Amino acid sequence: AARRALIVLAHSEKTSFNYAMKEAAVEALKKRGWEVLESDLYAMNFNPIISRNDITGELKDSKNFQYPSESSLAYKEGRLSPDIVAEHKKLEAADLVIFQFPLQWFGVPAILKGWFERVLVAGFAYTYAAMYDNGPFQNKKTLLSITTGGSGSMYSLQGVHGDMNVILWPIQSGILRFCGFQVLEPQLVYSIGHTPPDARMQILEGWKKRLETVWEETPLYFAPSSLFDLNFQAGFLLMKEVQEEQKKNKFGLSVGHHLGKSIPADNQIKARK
């Protein structure tokens, strides 16, 4: 059941808790006989910006340059930048992809974003035909390990910043679910700048221990594609019948599919129903 796992880290300092959280996981997975691959973006000095350099050879139409087309084509033609391929080879091998990073401006780190924008190529990572539960990565599992500066309360429903589930949605459903991944519960660590030395260790211990059975956890619930007429005809809308039935439901499905009703609960924070 256990095999290869990819750990993507987005942090410049080796003295950070984010780096700790990194080694911990690596150390953990290894003991359980896994095979860990790493993409320490800051270390690799990975390139975040997307440009016509990601492609090799004739640019087809270098006049009215368009990245989406130029790249998915470069992909099939195997003319993609070597540093971008390097990653694909890793993704192709990883069964479990883990993203370690400090929450920055309600989102993912610039350098990480770029990895998404550059690595997750159309044709490889996704296709209008192969979206969400049809995505290419449906056999792989992924989760987010985040480090927050603010406090847990700040993200509660009555907190200043608002529901944390909303924040994760764009990342978990928008990028990972999109591509096909099975999104597991996110590892949330609030304000480590406030947590004392003890807790920090117990947190690393909890981390390690949670990894002993990551592969056996249930994924987060995202609205299944079946509920939609996935065609440019219907406009990719929730099927009339499904809308019909859903009318009898008091709750929405997921954060993005609240359907105007009350949003479930920790739909994006806890895996269950």
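From 1 onward, residues are counted along the sequence shown.
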Inset, instruction - Decide which of the stretches 219 to 227 and 40 to 48 has the higher mean C-alpha B-factor, going by the entry. - result: 219 to 227
Legend entry - Residue range whose averaged C-alpha B-factor is higher in the record, 150 to 158 or 170 to 178: 150 to 158
Legend entry - Residue, from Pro82, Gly193, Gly114, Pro102, that the PDB entry assigns the highest Cα B-factor: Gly193
Inset, instruction - Place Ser16 in the lowest, middle or highest third of its chain's C-alpha B-factors, as listed in the PDB entry. - result: lowest
Legend entry - CA B-factor placement of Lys90, once the chain's modelled residues are sorted into thirds: lowest
Legend entry - Lowest, middle or highest third - CA B-factor, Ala10: lowest
Legend entry - Ranked C-alpha temperature factor of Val108 among modelled chain residues, by third: lowest
Legend entry - CA B-factor placement of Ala122, once the chain's modelled residues are sorted into thirds: middle
